[PDB]
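Undergrad: Below are the structure tokens for one structure; questions will follow.
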Amino acid sequence: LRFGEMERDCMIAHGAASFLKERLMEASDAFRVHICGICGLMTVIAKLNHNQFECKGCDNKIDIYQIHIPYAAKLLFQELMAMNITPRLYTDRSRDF
Amino acid sequence: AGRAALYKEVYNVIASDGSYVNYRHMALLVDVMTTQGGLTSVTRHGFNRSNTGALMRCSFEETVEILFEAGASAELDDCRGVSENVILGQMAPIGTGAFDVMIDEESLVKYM
Amino acid sequence: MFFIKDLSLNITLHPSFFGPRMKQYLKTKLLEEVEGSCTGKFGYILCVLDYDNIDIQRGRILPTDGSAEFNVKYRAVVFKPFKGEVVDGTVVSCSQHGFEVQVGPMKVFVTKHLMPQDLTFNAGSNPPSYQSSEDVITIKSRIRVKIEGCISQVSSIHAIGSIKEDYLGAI
Amino acid sequence: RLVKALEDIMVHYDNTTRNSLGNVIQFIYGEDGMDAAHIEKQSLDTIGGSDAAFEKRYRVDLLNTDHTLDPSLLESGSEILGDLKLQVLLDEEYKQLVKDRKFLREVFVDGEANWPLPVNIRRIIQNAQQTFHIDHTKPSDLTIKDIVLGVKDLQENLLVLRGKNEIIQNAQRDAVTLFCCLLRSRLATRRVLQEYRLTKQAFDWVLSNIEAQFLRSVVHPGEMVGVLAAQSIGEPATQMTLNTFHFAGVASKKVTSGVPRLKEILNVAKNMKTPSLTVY
Amino acid sequence: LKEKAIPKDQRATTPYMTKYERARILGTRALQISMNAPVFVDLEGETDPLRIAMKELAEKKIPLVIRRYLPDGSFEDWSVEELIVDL
Amino acid sequence: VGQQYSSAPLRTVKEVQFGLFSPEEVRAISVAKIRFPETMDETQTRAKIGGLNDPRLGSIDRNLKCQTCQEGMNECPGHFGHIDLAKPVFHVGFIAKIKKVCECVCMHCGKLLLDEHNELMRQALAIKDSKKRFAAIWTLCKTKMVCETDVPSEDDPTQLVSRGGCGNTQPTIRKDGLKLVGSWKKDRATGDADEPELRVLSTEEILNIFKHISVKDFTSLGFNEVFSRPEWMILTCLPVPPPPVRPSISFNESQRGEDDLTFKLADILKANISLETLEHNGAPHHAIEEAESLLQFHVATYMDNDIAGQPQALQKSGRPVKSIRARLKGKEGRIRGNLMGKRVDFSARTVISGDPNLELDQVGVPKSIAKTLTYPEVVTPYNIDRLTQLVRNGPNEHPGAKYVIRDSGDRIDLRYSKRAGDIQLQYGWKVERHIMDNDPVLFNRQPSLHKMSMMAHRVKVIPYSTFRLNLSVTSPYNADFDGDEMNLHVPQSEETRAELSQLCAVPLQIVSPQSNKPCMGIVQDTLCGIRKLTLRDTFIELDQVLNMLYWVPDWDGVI
Amino acid sequence: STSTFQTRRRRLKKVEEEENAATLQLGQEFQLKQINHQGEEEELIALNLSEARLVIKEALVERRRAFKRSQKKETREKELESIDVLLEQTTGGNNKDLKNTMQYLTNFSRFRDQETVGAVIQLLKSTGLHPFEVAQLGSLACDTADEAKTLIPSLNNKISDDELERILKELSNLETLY
RNA sequence: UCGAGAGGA
DNA sequence: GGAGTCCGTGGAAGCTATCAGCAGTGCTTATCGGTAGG
DNA sequence: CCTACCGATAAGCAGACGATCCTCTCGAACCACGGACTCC
Ligand SMILES: [Mg+2]
Ligand SMILES: [Mg+2]
Ligand SMILES: [Zn+2]
Ligand SMILES: [Zn+2]
Ligand SMILES: [Zn+2]
């Protein structure tokens, strides 16, 4: 069944941030991906046995962060990557505001 | 005076057919359109062209047009929004997600 | 050579361990992983200092699971080497190529060419030896090595040290 | 369009209607900061009526033979007569009631008294008469000092914004205003005994039941407010029968109303349709 | 920037527990009990963990602290015992 | 999770920085060469050539491979490659952003047309904005089309002093499809009599001017030092998407069935390979431009085929190609269709029916729907005996289980399994169990217009294939039973269930904050009969009065 | 993964910095003036094999005291066997590295008694030199000023040749017996 | 799967 | 002793026949009267 | 009383947007060269 915008807007209105997040991850897309903390890109070559996590272009096997995000977001950032757009996913806060 | 007139016209349309919608709701969108400097259109170019992070605005019509301008001007989405957390698949800061909860050892030993 | 670093570690804890005997359990999980580890950023982690009074703060109980993400602020001793640092250790391995030196938890290898020209290996001697006059390098023989190069490798730092210089050699 | 423009908008932990970016839209949600569900259309008796019946029903006069309170209502009705120090407070009470009428008439110029306000005091007084079975024959346990001061002490307990500075203290006084105007209207020293017949036991319960209902009535930080408003205005538009007609018998002929008018209001929109101004 | 954090003294937030806090405190506690977390209150033959999470709120034996974030970043750590339950 | 443990930390993405791909970083990031434009067979043999598809990236036909990392179809997220473009080319999106920069920053030197010395330039640069500062810089440098060297006469007494470099005349630029041309004036009683001179402005020329643009000219025009350098708006090296972005799909066994972008990328390689040999071999000058404008078009229509007012680009058979821009365009396209709203699991839908004997918050879930939907219950001392009895009842005796999850990730489908009859059931194991009565669940009626329409409903599992509901709760949804269908979402966690029962409950949403009045009432037979009953005219005798009192569930027992 | 203490910022890729050499060009994490968990800007904590040996001995003697509190409700070769026992009680057999370091630290320790280490630290951490140079002086035995300047090349200009010899002569008198 | 068409509260 | 129909391989199509917007004023570019300073 | 310059209001002309969810069924893709093998 579709949990579109109309469906999301109602769960927002209520304030149930986790039920909406559950329908938007556990009950749907949900994908774990490794990203390089130095740049913020998905350039990491995640080997989950030999542990050669190295990001080609940065040398690091330490500043790498796995993340649970929807498979559609992963695809969207890869589509943006195909059109030369760099959506650097930054785990670290740098402006406070 | 402009927003007081704006509200007078927004209310009168709801007053025309079916009483009613509480002051707080219309005074809100009226205050949204006027706490900008002057007037704000509720269109692809009015409210959508704002101080907000690129991912919240790209969800409304100008999608690839906004995603290109995000990169072209080196924009940084603050990830403080309803929409940008929906895309990220994380518990957004909405109602229940607008506060964090931790556990306390001082309290944990206290209760046994 | 040895440094006291006041570094931290983020640990995620299962909801079932939210019982009075938790502070000690989180402290154990910290030294279970950190004490004995060897990072590139910090070198060999040898011992977690002061088990008493360790700053744990609070554990953010996560979004859809009940696990608490605790950040354990600690202080520990580290063995971080450098390309130039001179050290004195115990000779462990010895063969036609050269010899390995156990400087603390790190093994430092010296090639036949990195050591003096006027030494040479002696095959007809058990354990293997490196002679010259009355100075012999064998199974034990404590030596002084200058770390020419450092190798990061896994969670076990290695070095490619030299003993061919003034004030170097055997000790 | 409404829901997308008002997604970010939510009530914050400092009673402020901000958004994602952090800009202030409203300093207090819907100017009062009350959860819209906890509200009923209540009538302000100070604004409605002639000046003679307002002077008759509210003015308390211990220094008069006919304008005083009869000792069948108050326990100490005869020992309160001619008191200069106690009439100072009954002058203070009626002088704040005369201010309410003149201030309320400046706000609600059309005359309309029935306004949506929290805490149904109309029912609390109705419930005190049933929960305590108070009779009209026997006089009350309270005195003038117990009513006029208790009503004044209740106004301090009706908090909305938590504050210690000149701004938040005034923001708090500005936040209550209309509600504490209804409170002075409903809990006037004369009215408490003349119509309700309230004992000290039942009145002290009424003062706490009003603040308990009022403190419950405050908005919840996290209420999606903008999202809620966008839905609450976009929903009636779906069932909006009648486009450009109505009135009957004012201004005979067309006037853009309903959804066509609503498009102009949201688009903004330098187009005629019905630009008919009004001259007085 | 330097930890901000408003102390347990001088706080501009409501002393009452917000309906979202109540639901998060109950939802998580019921989830933790369901995930085998140790129970502090004396159980009265409760097969449902929310029946327990609700009973734990009555005796106030929940060891949780709510970090209520302000719009400027600064936060106030309110312990579940401090927060009153009118609602 | 995407299945399996990782020795890397997981953290909330607190912010996202946008920029442009540096062709220097793409050549280092890349894992593939992409020499062969062919998409299938080793080298006309079997399983994709090391040119297009899996040279050193994303796996294909049931194989793990993925450049020695393996992981498999569901784990391997694909790896980006690189395509070396024979001649640099513009990005379709930044067409006027390149054009306006050319019109602002003067060419021949790579320096700004105007400077701080101009009073209006100070009035324009005063805002520390990004695009609103550039908005005035675009209109200001648009005119005064000529570079300068010595200009201050009214700030320094009379004599003028140096500031800029070569004072060449900046031409006027306009659009002629993918390319832009400049018009040089001159004509003062010398060459070209009165008509101006036209020059073709190629990407290699524009790029050299953009390369010579200063770091302070970036900040003045709304560009970043390391994220959005204007030189990266022109593509020299193109990143190639992996199979998860543009899949092969697999048509039976010995057939292709490739994605639209695989055929579109091959068309870019075909256009690039012609330029690769034309530039190297005998160069016919005005024959390389006849193919360079086609590579420019291919790299352009691969990103945008919507696109400009003049070209189209069709893939024969007669229909067009689906661009990346059109792929992630609004209304059921990546953002709205898959991120801002999506299809979900643990969801039911059937024709709705009313019920006088249902509770206000209650919902009549069909017997089959509860058996088709499963909630994951964790094995605790509070259930076990309950869970073992559900497990034993299995997937067909209503209160049962479909799968049982072990200590490790191992599903035990009871419908199949050799141990379905046995199973000891250890603590902490999960039991995907059939929906039970009084289980808080989301009940939804499209379109979800207001806070209501999506409420929590006490479950009552009933016979007859129909979504039953209370009669008075017909108002929050606005629907009647003239063939209406309704949605459902069974929550999978103990927390999201409490987020429904202690937040979205039907009685919790009894009063509308829209109008401050309630949003549920007594209607139809319940209201039509209440008028006929509440009268001085009608009374009820002893026989009917005792049944009248008995029907009340909270009756005191006192006549 | 740990990666903490001195962090921020990583402004895209980065050039690496410089090689880790004995020219006091220490790691990008081991700065002369670093931070603390309390907040203060504390100077780099670098210790010699005698100082660091009595710190692990201090941390493991005070570990067993706390580990067994919860359980309720001198001489060269004897130092080798007593440490070997202490390592098995306070830590499990799995920790191979700590055992290899403690055997090395005791066999090469210049000062065995804590009384002498106080005067050594007062003699060295005073001179006005980098804590790593001090961590190498108290660790490595040196008789000649030219021997200490070549083995510790960070000195040369940093200290006078004559004044360094006065320090070196004091350590031979402060030296312990094995 | 894509595209076109058809139907529903 | 030469065919049979096969299918990879290249293949972009071309000269027709006719065109602000459910909104409104969208934003960029030519002609044009007048200011006052040398 | 002229001209180096500076703001005034018209005549062209340019690009991405329009209920939510749902369900059902039909039929795909064709002109010339170079030469491969199997199949008759
Ligand atoms: Mg921003
Ligand atoms: Mg209907
Ligand atoms: Zn990287
Ligand atoms: Zn892979
Ligand atoms: Zn120039």
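Chain labels run A, B, ... following the order of the structure tokens; each chain numbers its residues from 1, and ligands are numbered from 1 in the order shown.
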Within 8 Å of stretch 63-73 of chain B, counting only C-alpha atoms (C1' of nucleotides), which residues show up once you throw out same-chain ones fewer than 6 positions away? Write them as a PyMOL selection string, please.

TA: (chain A and resi 85-87) or (chain B and resi 54-55+57) or (chain F and resi 18-20+93-94+130-131+222-224+227-228+233+325+328-330)

Undergrad: With chain A as the partner and 6 Å as the cut-off, tabulate the residues of chain G that qualify, each row holding the nearest pair of atoms and their distance in Å to one decimal, using only C-alpha atoms, sorted by chain and rising number, as a tab-separated table.

TA:
residue	atom	partner	partner_atom	distance
G:10	CA	A:38	CA	5.5
G:12	CA	A:39	CA	5.0
G:13	CA	A:58	CA	5.9

Undergrad: So which residues are near ligand 5, meaning at most 10 Å away with only C-alpha atoms (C1' of nucleotides) and all ligand atoms counted, given back as number ranges by chain?

TA: F: 105-113, 146-149, 164-170

Undergrad: Determine which residues of chain G DSSP labels as strand (DSSP E or B) from the backbone of this structure, then write them out as JSON, numbers by chain.

TA: {"G": [21, 25, 33, 43, 46, 47]}

Undergrad: Using only C-alpha atoms, I'd like every residue of chain C that has an atom within 12 Å of chain F; please write them out as number ranges by chain.

TA: C: 9-12, 14-16, 33, 60, 62-66, 69

Undergrad: Would you mind exporting the chosen residues as a PDB file, in the first residue's frame, restricted to C-alpha atoms?

TA:
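Result file is out.pdb:
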ATOM      1  CA  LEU C   9      35.272   5.622  22.902  1.00  0.00           C
ATOM      2  CA  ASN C  10      31.605   5.402  21.775  1.00  0.00           C
ATOM      3  CA  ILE C  11      29.889   2.145  22.917  1.00  0.00           C
ATOM      4  CA  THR C  12      26.314   0.958  22.165  1.00  0.00           C
ATOM      5  CA  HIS C  14      21.829  -3.590  24.829  1.00  0.00           C
ATOM      6  CA  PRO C  15      18.639  -2.594  26.804  1.00  0.00           C
ATOM      7  CA  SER C  16      18.723  -5.874  28.848  1.00  0.00           C
ATOM      8  CA  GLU C  33      38.329  -3.612  23.067  1.00  0.00           C
ATOM      9  CA  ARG C  60      21.325   8.393  24.107  1.00  0.00           C
ATOM     10  CA  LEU C  62      18.504   5.263  20.085  1.00  0.00           C
ATOM     11  CA  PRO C  63      15.504   5.976  17.700  1.00  0.00           C
ATOM     12  CA  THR C  64      13.762   2.622  16.816  1.00  0.00           C
ATOM     13  CA  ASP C  65      15.842   0.316  19.128  1.00  0.00           C
ATOM     14  CA  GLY C  66      16.232   0.491  22.937  1.00  0.00           C
ATOM     15  CA  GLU C  69      24.867   4.930  22.906  1.00  0.00           C
TER      16      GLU C  69
END

Undergrad: Give the residue list for ligand 4 at 9 Å, counting only C-alpha atoms (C1' of nucleotides) and all ligand atoms, as a ChimeraX atom specification, sorted by chain and then by residue number.

TA: /A:45-47 /F:57-59,64-73,75-79

Undergrad: Let me see if you get this right: every residue at most 6 Å from ligand 1, counting only C-alpha atoms (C1' of nucleotides) and all ligand atoms, written as a list in words.

TA: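 Every residue with an atom at most 6 Å from ligand 1 is listed here: residues 52, 53, 76, 77 and 78 of chain B.
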
Undergrad: Applying 12 Å and only C-alpha atoms (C1' of nucleotides), which residues near residue I:22 remain after dropping the ones on its own chain fewer than 2 positions away? List them as a JSON list (two decimals) with N, CA and C atoms (P, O5', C5', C4', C3', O3' and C1' of nucleotides), in the first residue's frame.

TA:
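Heads up, here's the output in selection-v7.json:
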[["chain", "number", "residue", "atom", "x", "y", "z"],
["D", 260, "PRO", "N", -12.13, 30.24, -6.26],
["D", 260, "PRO", "CA", -11.47, 31.19, -7.18],
["D", 260, "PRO", "C", -10.79, 32.33, -6.43],
["D", 263, "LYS", "N", -7.51, 31.17, -4.67],
["D", 263, "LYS", "CA", -6.35, 31.04, -5.56],
["D", 263, "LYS", "C", -5.62, 32.39, -5.59],
["I", 24, "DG", "P", 0.76, 32.39, -14.12],
["I", 24, "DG", "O5'", -0.18, 33.65, -13.74],
["I", 24, "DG", "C5'", -0.66, 34.55, -14.76],
["I", 24, "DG", "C4'", -0.36, 36.00, -14.43],
["I", 24, "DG", "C3'", -1.38, 36.71, -13.53],
["I", 24, "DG", "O3'", -0.71, 37.76, -12.76],
["I", 24, "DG", "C1'", -1.32, 37.76, -15.65],
["J", 17, "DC", "P", 9.01, 21.81, -12.60],
["J", 17, "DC", "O5'", 7.72, 21.24, -13.39],
["J", 17, "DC", "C5'", 6.63, 20.62, -12.68],
["J", 17, "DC", "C4'", 5.62, 21.65, -12.19],
["J", 17, "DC", "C3'", 4.19, 21.16, -12.02],
["J", 17, "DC", "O3'", 4.05, 20.60, -10.68],
["J", 17, "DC", "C1'", 4.25, 23.29, -13.15],
["J", 18, "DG", "P", 2.64, 20.34, -9.93],
["J", 18, "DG", "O5'", 1.60, 19.94, -11.08],
["J", 18, "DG", "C5'", 0.43, 19.16, -10.76],
["J", 18, "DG", "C4'", -0.83, 20.02, -10.65],
["J", 18, "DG", "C3'", -2.10, 19.33, -11.15],
["J", 18, "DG", "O3'", -2.77, 18.67, -10.09],
["J", 18, "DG", "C1'", -1.84, 21.41, -12.25]]

Undergrad: Report as a count of residues only which protein, DNA and RNA residues come within 10 Å of ligand 2, using only C-alpha atoms (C1' of nucleotides) and all ligand atoms.

TA: 13

Undergrad: When you draw a straight line from atom CA of residue F:213 to atom CA of residue F:89, how long is it in Å?

TA: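 Separation of atom CA of residue F:213 and atom CA of residue F:89: 18.2 Å.
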
Undergrad: Just want the 12 Å neighbourhood of residue H:1, counted on only C-alpha atoms (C1' of nucleotides), with same-chain residues fewer than 3 positions away dropped. Output as number ranges by chain.

TA: F: 248-251, 257-260; J: 28

Undergrad: Restricting the output to N, CA, C and O atoms (P, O5', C5', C4', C3', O3' and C1' of nucleotides), write the selected residues as a compact mmCIF listing (two decimals), in the first residue's frame.

TA:
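Dumped to again-v5.txt:
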# COMPACT_ATOMS: atom_id res chain seq x y z
N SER F 248 20.75 -3.96 -15.75
CA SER F 248 20.63 -4.80 -16.94
C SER F 248 19.29 -5.53 -16.94
O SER F 248 18.86 -5.97 -18.00
N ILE F 249 18.69 -5.75 -15.73
CA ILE F 249 17.39 -6.41 -15.51
C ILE F 249 17.45 -7.93 -15.79
O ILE F 249 16.99 -8.70 -14.94
N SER F 250 18.00 -8.36 -16.96
CA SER F 250 18.14 -9.75 -17.42
C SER F 250 16.81 -10.25 -18.00
O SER F 250 15.84 -10.47 -17.26
N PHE F 251 16.77 -10.37 -19.34
CA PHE F 251 15.61 -10.82 -20.12
C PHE F 251 15.84 -12.34 -20.33
O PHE F 251 16.70 -12.72 -21.12
N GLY F 257 17.90 -6.63 -22.35
CA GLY F 257 16.91 -5.89 -21.57
C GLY F 257 17.54 -4.79 -20.73
O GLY F 257 17.13 -4.58 -19.59
N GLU F 258 18.52 -4.06 -21.32
CA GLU F 258 19.29 -3.01 -20.63
C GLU F 258 18.48 -1.77 -20.27
O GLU F 258 17.44 -1.53 -20.87
N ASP F 259 18.98 -0.97 -19.29
CA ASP F 259 18.33 0.28 -18.86
C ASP F 259 18.53 1.37 -19.92
O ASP F 259 19.51 1.30 -20.68
N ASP F 260 17.63 2.38 -19.95
CA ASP F 260 17.71 3.52 -20.88
C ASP F 260 19.06 4.23 -20.82
O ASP F 260 19.59 4.59 -21.88
P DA J 28 1.09 -3.70 -31.33
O5' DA J 28 2.35 -4.02 -30.39
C5' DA J 28 3.53 -4.62 -30.92
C4' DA J 28 4.77 -3.92 -30.40
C3' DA J 28 6.06 -4.19 -31.18
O3' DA J 28 6.73 -2.92 -31.50
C1' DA J 28 6.41 -4.51 -28.87

Undergrad: Which of stretch 67-287 of chain F counts as helix (DSSP H, G or I) under DSSP, as a PyMOL selection string please?

TA: chain F and resi 67-68+92-94+96-104+119-125+132-142+203-211+215-221+230-233+260-280
